[PDB]
Amino acid sequence: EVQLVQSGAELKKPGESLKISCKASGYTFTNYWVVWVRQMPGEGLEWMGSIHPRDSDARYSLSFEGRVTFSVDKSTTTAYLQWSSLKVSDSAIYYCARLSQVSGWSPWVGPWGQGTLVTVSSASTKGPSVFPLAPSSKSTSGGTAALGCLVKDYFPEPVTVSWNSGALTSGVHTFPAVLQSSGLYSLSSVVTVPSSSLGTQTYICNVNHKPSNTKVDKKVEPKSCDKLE
Amino acid sequence: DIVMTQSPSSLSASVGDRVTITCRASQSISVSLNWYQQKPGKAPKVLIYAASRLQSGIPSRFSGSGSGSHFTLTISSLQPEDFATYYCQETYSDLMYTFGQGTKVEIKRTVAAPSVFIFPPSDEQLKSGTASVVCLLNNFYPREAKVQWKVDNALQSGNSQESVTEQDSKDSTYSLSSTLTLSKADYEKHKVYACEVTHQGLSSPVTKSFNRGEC
């Protein structure tokens with residue numbers, strides 16, 4: 001299987017240098033161009049340029065040539081993208097990808113790495129608090145119960161949330177992060193499950209925030225409320 | 001220097017509709033043109049290369065046409081899972097392979113009312129001195145929804161924020177969270193916390209409420 005696996009999300013300050021990586025596998029590294037593509041969240045794809053591992057032939061779009069350097073390490077079949085001095089405006093997701101080509105037809109981009117989110121900021125990282133959103137009658141209808149985790153007060157993006165270490169994916173809604181007036185992000189991840197499973201099935205959200213090395217597993221336990229005094 | 005102009009920037013269509021996306025090049029580029037599909041939170045995926053050649057594994061409802069400076073991506077029978085942003089790209093230049101601006105394709109489906117659920121603050125969060133109340137609107141359509149908070153029947157403003165998911169790839173609905181955040185001290189001054197939801201799918205507004213202390 002042809003794969004490109006990129007390094008994790010980064011928080012850096014303006015003026016710092018940064019090198020992000022893209023590990024290629026499953027194909028002959030020196031036979032294909034590697035390409036780099038920028039995307040600001042919710043914006044379009046931007047071609048940055050390409051580098052060929054066989055001779056480190058690097059092509060840069062004019063928008064990026066002054067500021068970024070492509071390189072490779074053939075012995076580890078890894079491609080690199082390096083800034084010498086980051087700016088706030090460099091905040092974006094960065095994709096690496098292979099260039100592919102059938103016969104003499106013009107090439108296309110694929111497969112792709114999963115992208116590396118780079119945030120350039122003066123602010124220090126803050127790790128999230130994780131709180132249960134417990135299923136109850138207030139979150140139940142028609143034999144379905146909703147439950148979740150609140151992932152509150154972190155910086156920068158991203159956090160990942162899985163349920164039951166990935167076994168539970170149907171009915172999951174992990175909401176886009178939204179800024180609070182504190183300047184910190186918050187989101188909830190919710191899932192709907194059969195209400196009859198609540199006594200039987202354990203539900204755990206697995207939250208990871210790489211920039212702060214925060215990894216939390218939160219059991220979410222059902223609540224029963226008699227609504228009496 | 002080849003500029004790719006893509007149109008429209010967004011569109012909406014019903015399941016089964018024929019969708020047409022156009023890409024124009026600032027100069028002729030023969031058939032050196034690719035189309036990609038990018039779903040939310042994922043890397044793009046090539047659909048078509050060389051203007052009209054369909055990639056293996058791509059459904060036959062996708063087709064590319066054109067040559068020179070005008071190209072078209074056609075989805076012949078739009079499916080819910082086709083919700084995505086589509087991009088063209090020229091590969092005629094010497095490795096200066098620029099993309100079009102993207103076309104966001106959204107699905108029109110029938111009105112669907114939200115399921116409304118409410119979550120009081122956790123005891124763990126209250127320990128830490130803050131109180132977040134979460135109102136969840138699940139699987140509704142259209143995206144427009146009005147969510148109001150009332151605390152002891154007093155309408156709140158300025159202490160809540162909303163987040164909405166992207167359209168679901170299977171049923172084309174939205175889900176939305178509205179989170180009311182108060183200090184623990186402010187939360188403990190009141191009893192009745194209620195989220196009131198107004199939506200096309202509801203004949204009248206739905207309120208979900210709880211009483212602080214009821215558990």
# chains A, B, ... in the order shown; residues from 1 in each chain; ligands from 1
$ residues_around --residues "segment 140-144 of chain A" --least-positions-apart "5" --cutoff "6 Å" --atoms "only C-alpha atoms" --output "PyMOL selection string"
chain A and resi 193-195
$ closest_atom_pairs --of "chain A" --to "chain B" --cutoff "6 Å" --atoms "only C-alpha atoms" --output "tab-separated table"
residue	atom	partner	partner_atom	distance
A:44	CA	B:101	CA	5.6
A:47	CA	B:98	CA	5.5
A:106	CA	B:32	CA	5.3
A:138	CA	B:118	CA	5.8
A:139	CA	B:117	CA	4.5
A:175	CA	B:165	CA	5.7
A:225	CA	B:215	CA	4.0
A:227	CA	B:214	CA	4.2
$ residues_around --residues "residue 72 of chain B" --least-positions-apart "4" --cutoff "6 Å" --atoms "only C-alpha atoms" --output "list in words"
residues 21, 22, 64 and 65 of chain B
$ atom_distance --atom1 "atom CA of residue 206 of chain A" --atom2 "atom CA of residue 114 of chain B"
26.8 Å
$ select_by_dssp --residues "segment 5-211 of chain A" --states "helix (DSSP H, G or I)" --output "PyMOL selection string"
chain A and resi 29-31+74-76+88-90+137-139+164-166+195-197+210-211
$ write_last_selection --atoms "N, CA and C atoms" --output "PDB file, in the first residue's frame"
ATOM      1  N   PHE A  29      10.780   5.328  -3.605  1.00  0.00           N
ATOM      2  CA  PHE A  29      10.811   6.746  -3.255  1.00  0.00           C
ATOM      3  C   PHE A  29      11.449   7.592  -4.352  1.00  0.00           C
ATOM      4  N   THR A  30      12.557   7.123  -4.936  1.00  0.00           N
ATOM      5  CA  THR A  30      13.271   7.912  -5.936  1.00  0.00           C
ATOM      6  C   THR A  30      12.657   7.841  -7.328  1.00  0.00           C
ATOM      7  N   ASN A  31      11.457   7.286  -7.486  1.00  0.00           N
ATOM      8  CA  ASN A  31      10.827   7.237  -8.798  1.00  0.00           C
ATOM      9  C   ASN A  31       9.688   8.234  -8.983  1.00  0.00           C
ATOM     10  N   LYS A  74      16.831  10.258   1.507  1.00  0.00           N
ATOM     11  CA  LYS A  74      16.584   9.022   0.770  1.00  0.00           C
ATOM     12  C   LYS A  74      16.642   7.806   1.686  1.00  0.00           C
ATOM     13  N   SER A  75      17.584   7.790   2.633  1.00  0.00           N
ATOM     14  CA  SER A  75      17.767   6.595   3.456  1.00  0.00           C
ATOM     15  C   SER A  75      16.566   6.307   4.351  1.00  0.00           C
ATOM     16  N   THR A  76      15.774   7.319   4.698  1.00  0.00           N
ATOM     17  CA  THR A  76      14.556   7.100   5.465  1.00  0.00           C
ATOM     18  C   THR A  76      13.298   7.346   4.638  1.00  0.00           C
ATOM     19  N   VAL A  88       2.920  34.574  11.205  1.00  0.00           N
ATOM     20  CA  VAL A  88       1.543  34.229  11.567  1.00  0.00           C
ATOM     21  C   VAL A  88       0.765  33.774  10.337  1.00  0.00           C
ATOM     22  N   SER A  89       1.018  34.410   9.190  1.00  0.00           N
ATOM     23  CA  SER A  89       0.299  34.058   7.968  1.00  0.00           C
ATOM     24  C   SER A  89       0.659  32.678   7.423  1.00  0.00           C
ATOM     25  N   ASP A  90       1.656  31.990   7.983  1.00  0.00           N
ATOM     26  CA  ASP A  90       1.948  30.615   7.580  1.00  0.00           C
ATOM     27  C   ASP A  90       1.033  29.586   8.236  1.00  0.00           C
ATOM     28  N   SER A 137     -32.311  10.623  30.674  1.00  0.00           N
ATOM     29  CA  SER A 137     -33.592  10.807  29.993  1.00  0.00           C
ATOM     30  C   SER A 137     -33.627  12.122  29.220  1.00  0.00           C
ATOM     31  N   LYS A 138     -32.896  13.140  29.693  1.00  0.00           N
ATOM     32  CA  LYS A 138     -32.822  14.424  28.998  1.00  0.00           C
ATOM     33  C   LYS A 138     -32.135  14.331  27.636  1.00  0.00           C
ATOM     34  N   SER A 139     -31.397  13.255  27.375  1.00  0.00           N
ATOM     35  CA  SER A 139     -30.677  13.068  26.120  1.00  0.00           C
ATOM     36  C   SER A 139     -31.115  11.783  25.422  1.00  0.00           C
ATOM     37  N   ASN A 164     -14.390   4.652  22.276  1.00  0.00           N
ATOM     38  CA  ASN A 164     -14.053   3.257  22.536  1.00  0.00           C
ATOM     39  C   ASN A 164     -12.862   2.825  21.685  1.00  0.00           C
ATOM     40  N   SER A 165     -11.840   3.686  21.669  1.00  0.00           N
ATOM     41  CA  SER A 165     -10.576   3.443  20.969  1.00  0.00           C
ATOM     42  C   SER A 165     -10.776   3.183  19.482  1.00  0.00           C
ATOM     43  N   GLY A 166     -11.843   3.733  18.905  1.00  0.00           N
ATOM     44  CA  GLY A 166     -12.106   3.606  17.490  1.00  0.00           C
ATOM     45  C   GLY A 166     -13.167   2.590  17.125  1.00  0.00           C
ATOM     46  N   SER A 195     -30.484   3.246  23.761  1.00  0.00           N
ATOM     47  CA  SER A 195     -30.666   3.507  25.184  1.00  0.00           C
ATOM     48  C   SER A 195     -30.609   2.223  26.005  1.00  0.00           C
ATOM     49  N   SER A 196     -30.923   1.079  25.395  1.00  0.00           N
ATOM     50  CA  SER A 196     -30.860  -0.176  26.131  1.00  0.00           C
ATOM     51  C   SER A 196     -29.427  -0.607  26.403  1.00  0.00           C
ATOM     52  N   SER A 197     -28.460  -0.079  25.655  1.00  0.00           N
ATOM     53  CA  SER A 197     -27.064  -0.430  25.871  1.00  0.00           C
ATOM     54  C   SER A 197     -26.449   0.272  27.078  1.00  0.00           C
ATOM     55  N   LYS A 210      -2.000  16.987  20.782  1.00  0.00           N
ATOM     56  CA  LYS A 210      -0.554  16.801  20.640  1.00  0.00           C
ATOM     57  C   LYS A 210       0.269  18.001  21.087  1.00  0.00           C
ATOM     58  N   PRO A 211      -0.066  19.248  20.735  1.00  0.00           N
ATOM     59  CA  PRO A 211       0.805  20.371  21.129  1.00  0.00           C
ATOM     60  C   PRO A 211       1.026  20.502  22.630  1.00  0.00           C
TER      61      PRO A 211
END
$ residues_around --residues "residue 185 of chain B" --least-positions-apart "5" --cutoff "10 Å" --atoms "only C-alpha atoms" --output "ChimeraX atom specification"
/B:126,129-131,190
$ write_last_selection --atoms "N, CA and C atoms" --output "CSV table (one decimal), in the first residue's frame"
chain,number,residue,atom,x,y,z
B,126,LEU,N,-17.9,21.4,37.6
B,126,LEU,CA,-18.4,22.4,38.6
B,126,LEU,C,-17.3,22.5,39.7
B,129,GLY,N,-15.0,25.1,38.9
B,129,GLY,CA,-15.5,26.5,39.0
B,129,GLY,C,-16.2,27.1,37.8
B,130,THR,N,-16.5,26.3,36.8
B,130,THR,CA,-17.2,26.7,35.6
B,130,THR,C,-18.4,25.8,35.4
B,131,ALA,N,-19.3,26.3,34.6
B,131,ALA,CA,-20.5,25.5,34.3
B,131,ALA,C,-20.9,25.6,32.8
B,190,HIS,N,-29.3,30.1,40.0
B,190,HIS,CA,-30.5,29.8,39.3
B,190,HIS,C,-30.9,28.4,39.3
$ residues_around --residues "residue 130 of chain A" --least-positions-apart "5" --cutoff "7 Å" --atoms "only C-alpha atoms" --output "list in words"
residues 149, 150, 151 and 152 of chain A
$ closest_residue --among "A:84, A:39, A:213, A:182" --to "residue 65 of chain A" --atoms "only C-alpha atoms"
A:84
$ atom_distance --atom1 "atom CA of residue 82 of chain B" --atom2 "atom CA of residue 113 of chain A"
21.4 Å
$ atom_distance --atom1 "atom CA of residue 25 of chain A" --atom2 "atom CA of residue 12 of chain A"
28.0 Å
$ closest_residue --among "B:58, B:180, B:191, B:26" --to "residue 157 of chain B" --atoms "only C-alpha atoms"
B:180
